[PDB]
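Here is data_4.pdb, consisting of PDB, C-alpha atoms and all ligand atoms:
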```pdb
ATOM      1  CA  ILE L   1      -5.449  -9.507   0.215
ATOM      2  CA  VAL L   2      -5.764 -13.049  -0.883
ATOM      3  CA  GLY L   3      -5.043 -15.754   1.576
ATOM      4  CA  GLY L   4      -4.756 -13.349   4.432
ATOM      5  CA  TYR L   5      -6.701 -12.978   7.565
ATOM      6  CA  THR L   6      -8.852 -10.419   9.138
ATOM      7  CA  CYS L   7      -6.414  -8.097  10.752
ATOM      8  CA  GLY L   8      -8.639  -7.125  13.554
ATOM      9  CA  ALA L   9     -10.092  -3.713  13.829
ATOM     10  CA  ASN L  10      -7.493  -1.020  13.991
ATOM     11  CA  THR L  11      -4.692  -3.424  14.456
ATOM     12  CA  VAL L  12      -3.006  -1.839  11.499
ATOM     13  CA  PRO L  13      -3.541   1.699  12.581
ATOM     14  CA  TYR L  14      -1.408   3.170   9.898
ATOM     15  CA  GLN L  15      -3.453   1.574   7.191
ATOM     16  CA  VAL L  16      -5.615   4.012   5.421
ATOM     17  CA  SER L  17      -8.132   3.587   2.742
ATOM     18  CA  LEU L  18      -8.137   5.959  -0.108
ATOM     19  CA  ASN L  19     -11.691   6.593  -0.951
ATOM     20  CA  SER L  20     -13.243   8.292  -3.862
ATOM     21  CA  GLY L  21     -16.720   7.245  -3.074
ATOM     22  CA  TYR L  22     -15.342   3.776  -2.809
ATOM     23  CA  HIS L  23     -12.188   2.297  -1.564
ATOM     24  CA  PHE L  24      -9.713   2.174  -4.331
ATOM     25  CA  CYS L  25      -6.324   1.947  -2.782
ATOM     26  CA  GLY L  26      -4.668   1.760   0.506
ATOM     27  CA  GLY L  27      -2.078   3.923   1.992
ATOM     28  CA  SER L  28       0.003   4.177   5.030
ATOM     29  CA  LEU L  29      -0.065   6.999   7.443
ATOM     30  CA  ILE L  30       3.447   8.127   8.026
ATOM     31  CA  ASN L  31       2.710  11.156  10.087
ATOM     32  CA  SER L  32      -0.380  12.914  11.126
ATOM     33  CA  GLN L  33      -0.725  14.684   7.841
ATOM     34  CA  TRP L  34       0.880  12.443   5.296
ATOM     35  CA  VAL L  35       0.102   9.151   3.765
ATOM     36  CA  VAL L  36       2.243   7.089   1.542
ATOM     37  CA  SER L  37       0.528   5.294  -1.200
ATOM     38  CA  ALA L  38       1.202   4.190  -4.682
ATOM     39  CA  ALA L  39       1.579   6.636  -7.452
ATOM     40  CA  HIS L  40      -0.730   4.610  -9.565
ATOM     41  CA  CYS L  41      -3.417   5.294  -7.047
ATOM     42  CA  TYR L  42      -3.296   8.958  -7.816
ATOM     43  CA  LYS L  43      -6.527  10.583  -8.634
ATOM     44  CA  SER L  44      -8.430  13.621  -7.687
ATOM     45  CA  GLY L  45     -11.046  13.449  -5.028
ATOM     46  CA  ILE L  46      -9.157  11.318  -2.605
ATOM     47  CA  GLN L  47     -10.573  11.103   0.802
ATOM     48  CA  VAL L  48      -8.250   9.387   3.145
ATOM     49  CA  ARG L  49     -10.051   7.194   5.541
ATOM     50  CA  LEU L  50      -8.080   6.499   8.600
ATOM     51  CA  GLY L  51      -8.993   4.346  11.475
ATOM     52  CA  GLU L  52     -10.992   2.066   9.241
ATOM     53  CA  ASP L  53     -11.784  -1.496   9.734
ATOM     54  CA  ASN L  54     -15.031  -2.170   8.009
ATOM     55  CA  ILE L  55     -14.749   0.268   5.197
ATOM     56  CA  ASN L  56     -18.404  -0.035   4.441
ATOM     57  CA  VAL L  57     -19.698   0.737   7.887
ATOM     58  CA  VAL L  58     -19.061   3.641  10.144
ATOM     59  CA  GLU L  59     -17.914   1.801  13.188
ATOM     60  CA  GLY L  60     -16.205   4.507  15.072
ATOM     61  CA  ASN L  61     -12.579   5.474  14.955
ATOM     62  CA  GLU L  62     -12.745   6.524  11.369
ATOM     63  CA  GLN L  63     -11.307   9.801  10.362
ATOM     64  CA  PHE L  64     -12.116  10.817   6.892
ATOM     65  CA  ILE L  65      -9.825  13.520   5.763
ATOM     66  CA  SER L  66      -9.574  14.779   2.301
ATOM     67  CA  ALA L  67      -6.303  14.710   0.577
ATOM     68  CA  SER L  68      -5.094  18.207   0.088
ATOM     69  CA  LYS L  69      -2.043  17.216  -1.892
ATOM     70  CA  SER L  70      -1.347  14.049  -3.743
ATOM     71  CA  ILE L  71       2.215  13.973  -4.811
ATOM     72  CA  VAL L  72       3.056  11.296  -7.262
ATOM     73  CA  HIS L  73       6.688  10.654  -7.470
ATOM     74  CA  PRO L  74       7.961  12.826 -10.279
ATOM     75  CA  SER L  75       9.618   9.845 -11.851
ATOM     76  CA  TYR L  76       6.717   7.553 -11.563
ATOM     77  CA  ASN L  77       6.318   5.663 -14.757
ATOM     78  CA  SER L  78       2.859   4.282 -15.076
ATOM     79  CA  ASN L  79       3.938   1.690 -17.559
ATOM     80  CA  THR L  80       6.889   0.239 -15.726
ATOM     81  CA  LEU L  81       5.482   1.245 -12.371
ATOM     82  CA  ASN L  82       8.875   2.372 -11.338
ATOM     83  CA  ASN L  83       8.730   4.917  -8.582
ATOM     84  CA  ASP L  84       5.260   3.842  -7.716
ATOM     85  CA  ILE L  85       4.949   6.032  -4.707
ATOM     86  CA  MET L  86       2.772   8.898  -3.882
ATOM     87  CA  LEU L  87       2.514  11.061  -0.875
ATOM     88  CA  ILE L  88      -0.822  12.330   0.131
ATOM     89  CA  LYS L  89      -1.050  15.259   2.408
ATOM     90  CA  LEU L  90      -4.164  15.339   4.432
ATOM     91  CA  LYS L  91      -6.115  18.498   4.410
ATOM     92  CA  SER L  92      -5.929  18.444   8.177
ATOM     93  CA  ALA L  93      -3.770  16.411  10.454
ATOM     94  CA  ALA L  94      -5.302  13.193  11.508
ATOM     95  CA  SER L  95      -5.874  12.843  15.162
ATOM     96  CA  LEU L  96      -3.421  10.193  16.080
ATOM     97  CA  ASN L  97      -4.561   7.683  18.546
ATOM     98  CA  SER L  98      -4.143   4.010  19.104
ATOM     99  CA  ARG L  99      -6.268   3.322  16.056
ATOM    100  CA  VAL L 100      -4.814   5.933  13.817
ATOM    101  CA  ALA L 101      -1.105   5.900  14.015
ATOM    102  CA  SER L 102       1.734   6.485  11.733
ATOM    103  CA  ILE L 103       4.132   3.858  10.654
ATOM    104  CA  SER L 104       7.802   4.525  10.630
ATOM    105  CA  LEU L 105       9.668   4.797   7.461
ATOM    106  CA  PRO L 106      12.604   2.501   6.999
ATOM    107  CA  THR L 107      15.984   3.564   8.078
ATOM    108  CA  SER L 108      17.391   0.913   5.784
ATOM    109  CA  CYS L 109      16.067  -1.502   3.288
ATOM    110  CA  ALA L 110      14.750  -4.817   4.354
ATOM    111  CA  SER L 111      16.417  -8.074   3.634
ATOM    112  CA  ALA L 112      15.031 -11.015   1.816
ATOM    113  CA  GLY L 113      13.004 -13.214   4.000
ATOM    114  CA  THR L 114      11.952 -10.544   6.372
ATOM    115  CA  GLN L 115       8.381 -11.060   7.218
ATOM    116  CA  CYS L 116       6.140  -8.194   6.589
ATOM    117  CA  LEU L 117       2.578  -7.416   7.162
ATOM    118  CA  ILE L 118       0.716  -6.456   4.096
ATOM    119  CA  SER L 119      -2.761  -5.256   4.576
ATOM    120  CA  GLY L 120      -5.611  -3.840   2.724
ATOM    121  CA  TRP L 121      -9.132  -4.033   1.632
ATOM    122  CA  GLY L 122      -8.330  -5.429  -1.706
ATOM    123  CA  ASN L 123      -9.824  -8.367  -3.391
ATOM    124  CA  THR L 124      -9.568 -11.485  -1.357
ATOM    125  CA  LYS L 125      -9.967 -13.837  -4.281
ATOM    126  CA  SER L 126      -7.196 -14.888  -6.625
ATOM    127  CA  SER L 127      -9.874 -15.630  -9.208
ATOM    128  CA  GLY L 128     -12.863 -13.400  -9.382
ATOM    129  CA  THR L 129     -13.395 -10.618  -6.930
ATOM    130  CA  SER L 130     -14.593 -10.287  -3.411
ATOM    131  CA  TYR L 131     -13.945  -7.093  -1.714
ATOM    132  CA  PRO L 132     -13.908  -7.429   2.016
ATOM    133  CA  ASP L 133     -15.516  -5.191   4.468
ATOM    134  CA  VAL L 134     -12.781  -5.402   6.986
ATOM    135  CA  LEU L 135      -9.124  -4.974   6.693
ATOM    136  CA  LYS L 136      -7.216  -8.029   5.732
ATOM    137  CA  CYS L 137      -3.704  -8.816   6.610
ATOM    138  CA  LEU L 138      -1.109 -11.062   5.197
ATOM    139  CA  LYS L 139       2.222 -11.909   6.593
ATOM    140  CA  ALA L 140       4.500 -12.233   3.733
ATOM    141  CA  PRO L 141       8.216 -12.403   3.301
ATOM    142  CA  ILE L 142      10.319 -10.242   1.139
ATOM    143  CA  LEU L 143      11.660 -12.338  -1.624
ATOM    144  CA  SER L 144      15.138 -12.252  -2.871
ATOM    145  CA  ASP L 145      15.862  -9.984  -5.754
ATOM    146  CA  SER L 146      16.800 -12.977  -7.817
ATOM    147  CA  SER L 147      13.493 -14.664  -7.214
ATOM    148  CA  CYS L 148      11.660 -11.458  -7.801
ATOM    149  CA  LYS L 149      13.461 -10.870 -11.051
ATOM    150  CA  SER L 150      12.949 -14.470 -12.026
ATOM    151  CA  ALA L 151       9.268 -14.110 -11.441
ATOM    152  CA  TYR L 152       9.102 -10.825 -13.327
ATOM    153  CA  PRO L 153      12.028 -10.675 -15.673
ATOM    154  CA  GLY L 154      12.860  -7.231 -16.908
ATOM    155  CA  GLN L 155      10.107  -5.738 -14.779
ATOM    156  CA  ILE L 156      11.657  -5.345 -11.367
ATOM    157  CA  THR L 157      13.475  -2.152 -10.854
ATOM    158  CA  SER L 158      15.643  -1.286  -7.947
ATOM    159  CA  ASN L 159      12.585   0.420  -6.542
ATOM    160  CA  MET L 160      10.573  -2.702  -6.334
ATOM    161  CA  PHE L 161      10.673  -5.820  -4.386
ATOM    162  CA  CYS L 162       8.636  -8.905  -4.363
ATOM    163  CA  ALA L 163       7.053 -10.243  -1.323
ATOM    164  CA  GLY L 164       4.774 -13.116  -0.739
ATOM    165  CA  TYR L 165       4.482 -16.703  -1.629
ATOM    166  CA  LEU L 166       5.510 -18.312  -4.830
ATOM    167  CA  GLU L 167       3.298 -21.308  -4.139
ATOM    168  CA  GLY L 168       0.300 -19.111  -4.734
ATOM    169  CA  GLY L 169      -2.621 -18.366  -2.536
ATOM    170  CA  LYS L 170      -1.312 -15.448  -0.555
ATOM    171  CA  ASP L 171      -0.867 -12.038  -1.964
ATOM    172  CA  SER L 172      -2.056  -8.550  -2.096
ATOM    173  CA  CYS L 173      -4.612  -7.923  -4.720
ATOM    174  CA  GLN L 174      -6.633  -5.265  -6.361
ATOM    175  CA  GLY L 175      -7.623  -2.706  -3.871
ATOM    176  CA  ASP L 176      -4.568  -3.257  -1.813
ATOM    177  CA  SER L 177      -2.439  -1.016  -3.908
ATOM    178  CA  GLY L 178      -0.868   1.760  -2.092
ATOM    179  CA  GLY L 179      -1.117   0.029   1.157
ATOM    180  CA  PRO L 180       1.581  -0.964   3.481
ATOM    181  CA  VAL L 181       4.108  -3.616   3.605
ATOM    182  CA  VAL L 182       5.437  -3.227   7.056
ATOM    183  CA  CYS L 183       8.380  -5.198   8.123
ATOM    184  CA  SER L 184       9.872  -4.986  11.545
ATOM    185  CA  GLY L 185       7.761  -1.940  12.184
ATOM    186  CA  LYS L 186       8.909  -0.093   9.107
ATOM    187  CA  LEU L 187       7.006   0.705   6.015
ATOM    188  CA  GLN L 188       9.194  -1.052   3.577
ATOM    189  CA  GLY L 189       6.748  -1.523   0.805
ATOM    190  CA  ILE L 190       3.816  -0.158  -0.950
ATOM    191  CA  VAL L 191       1.497  -2.539  -2.619
ATOM    192  CA  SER L 192       2.083  -1.907  -6.229
ATOM    193  CA  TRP L 193       1.493  -4.600  -8.759
ATOM    194  CA  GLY L 194       1.804  -8.160  -9.670
ATOM    195  CA  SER L 195       0.705 -10.575 -12.278
ATOM    196  CA  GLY L 196      -2.679 -11.422 -11.005
ATOM    197  CA  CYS L 197      -2.913 -12.060  -7.353
ATOM    198  CA  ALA L 198      -1.785 -15.012  -5.398
ATOM    199  CA  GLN L 199      -0.788 -16.795  -8.541
ATOM    200  CA  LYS L 200       1.907 -19.371  -8.391
ATOM    201  CA  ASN L 201       5.316 -17.874  -9.114
ATOM    202  CA  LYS L 202       3.868 -14.404  -9.412
ATOM    203  CA  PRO L 203       4.481 -12.774  -6.081
ATOM    204  CA  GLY L 204       3.339  -9.340  -5.304
ATOM    205  CA  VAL L 205       5.561  -6.500  -6.265
ATOM    206  CA  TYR L 206       5.936  -3.637  -3.949
ATOM    207  CA  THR L 207       7.489  -0.279  -4.112
ATOM    208  CA  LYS L 208      10.642  -0.325  -2.161
ATOM    209  CA  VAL L 209      10.014   2.471   0.227
ATOM    210  CA  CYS L 210      13.456   2.486   1.653
ATOM    211  CA  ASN L 211      14.643   3.945  -1.616
ATOM    212  CA  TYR L 212      12.357   6.875  -1.107
ATOM    213  CA  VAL L 213      12.775   7.842   2.478
ATOM    214  CA  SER L 214      14.808  10.888   1.648
ATOM    215  CA  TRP L 215      12.417  11.815  -1.098
ATOM    216  CA  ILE L 216       9.530  11.355   1.247
ATOM    217  CA  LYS L 217      11.127  13.402   3.932
ATOM    218  CA  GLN L 218      12.178  16.117   1.543
ATOM    219  CA  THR L 219       8.802  16.192  -0.118
ATOM    220  CA  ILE L 220       6.988  16.345   3.143
ATOM    221  CA  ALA L 221       9.347  18.964   4.456
ATOM    222  CA  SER L 222       8.695  21.122   1.439
ATOM    223  CA  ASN L 223       4.954  20.691   1.413
TER     224      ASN L 223
ATOM    225  CA  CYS B   1      -1.632  -5.213 -13.168
ATOM    226  CA  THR B   2      -1.475  -2.669 -10.475
ATOM    227  CA  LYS B   3      -3.421  -3.644  -7.441
ATOM    228  CA  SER B   4      -5.707  -0.696  -7.521
ATOM    229  CA  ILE B   5      -9.389  -0.528  -8.047
ATOM    230  CA  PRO B   6      -9.495  -0.707 -10.945
ATOM    231  CA  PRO B   7      -6.308  -2.425 -11.908
ATOM    232  CA  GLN B   8      -4.049  -0.747 -14.383
ATOM    233  CA  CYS B   9      -2.726  -3.438 -16.596
TER     234      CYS B   9
HETATM  235 CA    CA E 301     -15.620   2.037   8.781
END
```
Please render this file's structure as structure tokens.
Amino acid sequence: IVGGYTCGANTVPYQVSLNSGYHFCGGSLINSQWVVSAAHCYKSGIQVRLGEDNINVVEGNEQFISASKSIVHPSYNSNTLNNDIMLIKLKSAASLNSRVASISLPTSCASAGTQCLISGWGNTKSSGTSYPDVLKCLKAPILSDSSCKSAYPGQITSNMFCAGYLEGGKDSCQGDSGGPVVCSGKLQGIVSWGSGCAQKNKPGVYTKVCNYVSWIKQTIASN
Amino acid sequence: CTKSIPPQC
């Protein structure tokens, strides 16, 4: 997260870190055994780290639970990043508590201008890299489809939305992928991609989770 | 690029 702020430990209790011996993507806990992340974060060897704040220090509250299933959307296209959503089933249910909590899925899509909280342990620099220890947060608005498509012509599918700040300086960034964009208490987005991070006129692009709620529910129900 | 570590560009 570039231009964000330290969330505060466990203030984003649905935020998970996907760890493969390092944090590589975020995710969002949507029930005790399932995490939503980005399809492009798929890999083997995912350990979901819940309850994290400093991802480099065992501070307490962590639950590390291996992914037992990582379900990339069947229509994920790694070039276009359409359908950039993945469900991770935890090998065991996380113990939900105030610091490890699921985030609701949308019941409807979010509207432009809704403010969302985007969080993650991604790079905090728009140039160069600095990976934070603690979870960073960014309040960011959903942009209009027109602005999103203007920023990324031909690249924004119906399953994507832009959020953030066209003036630059505030964005999700590498390492945030897969993590939440929560708006009005609903996981409306998954950090997916963007041109750089926090670049002027290049807002973050996010998987539009509301398009996948049924898929999520059906996939969870069947797994 | 995707916002993963590493980015997929
Ligand atoms: Ca930790």
What does the ChimeraX specification (/B :<6) & /L select in this file, as number ranges by chain?
L: 24-25, 173-177, 192-195
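Taking atom CA of residue L:146 and atom CA of residue L:169 as the two end points, the separation is 20.8 Å.
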For the file shown, what are the residues hit by the PyMOL selection byres (((not hetatm)) within 7 of (chain E and resi 301)), laid out as a list in words?
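On this input, the PyMOL selection byres (((not hetatm)) within 7 of (chain E and resi 301)) captures residues 52, 53, 54, 55, 56, 57, 58, 59, 60 and 62 of chain L.
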Atom CA of residue L:27 to atom CA of residue L:14: how many Å, to one decimal?
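Computing it gives 8.0 Å between the two atoms.
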Near residue L:124, counting all atoms listed in the file, which residues have an atom at most 9 Å away, once you skip same-chain residues fewer than 6 positions from it, shown as number ranges by chain?
L: 1-4, 130-132, 136, 171-174, 197
For the structure provided, state which residues fall under the PyMOL selection byres (((chain L and resi 42) around 12) and not hetatm), and present them as an NGL selection string.
(:L and (18-20 or 24-27 or 36-41 or 43-47 or 67 or 69-73 or 76 or 78 or 84-88 or 177-178)) or (:B and (4-6 or 8))
At what distance in Å, to one decimal, does atom CA of residue L:185 lie from atom CA of residue L:216?
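Spanning atom CA of residue L:216 to atom CA of residue L:185 is a straight-line distance of 17.3 Å.
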Counting all atoms listed in the file, which residues have an atom no more than 9 Å from (9.2, -1.9, 11.9) in the file's coordinates? Please list them as a VMD selection string.
chain L and resid 103 to 106 116 182 to 188
Hey, which of L:32, L:77, L:126, L:150 ends up closest to residue L:100? Count all atoms listed in the file.
L:32
Residue L:30: which residues within 6 Å, counting only C-alpha atoms, same-chain residues fewer than 4 positions away excluded, as a ChimeraX atom specification?
/L:34-35,102-103
From (-9.8, -0.9, 10.7), in the file's coordinates, out to 7 Å: which residues are reached, counting only C-alpha atoms? Answer as a short mmCIF file (atom, residue, chain, number, x, y, z; two decimals) with C-alpha atoms, in the coordinates of the input.
```cif
data_model
loop_
_atom_site.label_atom_id
_atom_site.label_comp_id
_atom_site.auth_asym_id
_atom_site.auth_seq_id
_atom_site.Cartn_x
_atom_site.Cartn_y
_atom_site.Cartn_z
CA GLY L 8 -8.64 -7.12 13.55
CA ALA L 9 -10.09 -3.71 13.83
CA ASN L 10 -7.49 -1.02 13.99
CA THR L 11 -4.69 -3.42 14.46
CA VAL L 12 -3.01 -1.84 11.50
CA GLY L 51 -8.99 4.35 11.48
CA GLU L 52 -10.99 2.07 9.24
CA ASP L 53 -11.78 -1.50 9.73
CA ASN L 54 -15.03 -2.17 8.01
CA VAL L 134 -12.78 -5.40 6.99
CA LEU L 135 -9.12 -4.97 6.69
#
```
How big is the axis-aligned box around the listed atoms of stretch 136-139 of chain L once 8 Å is added on each side, and where is its centre? Give both in Å to one decimal, as JSON.
```
{"center_x": -2.5, "center_y": -10.0, "center_z": 5.9, "size_x": 25.4, "size_y": 19.9, "size_z": 17.4}
```
Residue among L:61, L:114, L:223, L:6 lying closest to residue L:96, counting all atoms listed in the file:
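Checking each candidate against residue L:96, we get L:61 as the closest.
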